[PDB]
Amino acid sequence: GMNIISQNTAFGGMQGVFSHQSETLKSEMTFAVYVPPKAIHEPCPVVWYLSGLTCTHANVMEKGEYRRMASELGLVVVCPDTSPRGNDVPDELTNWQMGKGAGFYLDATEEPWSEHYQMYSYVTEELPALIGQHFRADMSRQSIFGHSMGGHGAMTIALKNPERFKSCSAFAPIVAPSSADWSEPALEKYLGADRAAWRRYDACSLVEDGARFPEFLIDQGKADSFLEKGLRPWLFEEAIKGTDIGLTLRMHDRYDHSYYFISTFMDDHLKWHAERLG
């Protein structure tokens, strides 16, 4: 079940925007799919890009600069929204760090959030079913990456589902949302005051508890204003000490949190995935 909002040719391929009625989210949902030239010949491998706080599918679609290299490498690029949307969906209106645009890629258990805030189930189950049903996508070759809250999303999803994803990378991820300023309150609202339930939604906690994934690429800007209190990639370096998990963590002078940083290193990430997708 799917509505076509827009279709535009870019680098020989097709960048589309689509909407559907989500059952897991009880919402009409909008997402973007870029289909490369090669898809006419064969179903192509999928990279799932998960966006950060306040974003929709549009921020990366417009600014990520992924189509040139996705076209070259023959990659399908899927960009979901970041929360449920709609009049019925509850929100925290005066906090951009909570509610709409702020689903934290988890399955909410607390009221009122529980009804619509099922982003973990949406990204891992419902939307992949819809993509396979409707697009020229090889569902046996899927990878996942994202920005910030999206990097949190990408990494926790990979660690919890290692056999579903060939590779994982991130741009400025929240690697330890359980103790990060902008994510701790959200976790408490969505999941409750008892911090034990949070461990399946924290990349570091998941590693601590024995979850594994082959390796990760993480790019991080040194001038990123969120680095010290919000991001703290070193905590992930600490968590993986003594494990088999590979980490290629690159810290970049002068680069910040924005799409100017993301777009700069986008080709590296697309190649990273294409190589590991097989």
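Throughout, we count residues from 1 along the sequence that is shown.
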{"item": "Mean C-alpha temperature factor, higher of 37-45 and 62-70", "value": "37-45"}
{"item": "Residue range whose averaged C-alpha B-factor is higher in the record, 88-96 or 108-116", "value": "88-96"}
{"item": "Candidate residues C168, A203, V78, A197, the one whose C-alpha B factor the record puts highest", "value": "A197"}
{"item": "Record-listed C-alpha B factor of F216: chain third", "value": "lowest"}
{"item": "Ranked C-alpha temperature factor of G246 among modelled chain residues, by third", "value": "highest"}
{"item": "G132 - which third its CA temperature factor falls in, relative to the rest of the chain", "value": "highest"}
{"item": "Ranked C-alpha temperature factor of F31 among modelled chain residues, by third", "value": "lowest"}
{"item": "Third of the chain, ranked by Cα B-factor, where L191 sits", "value": "middle"}
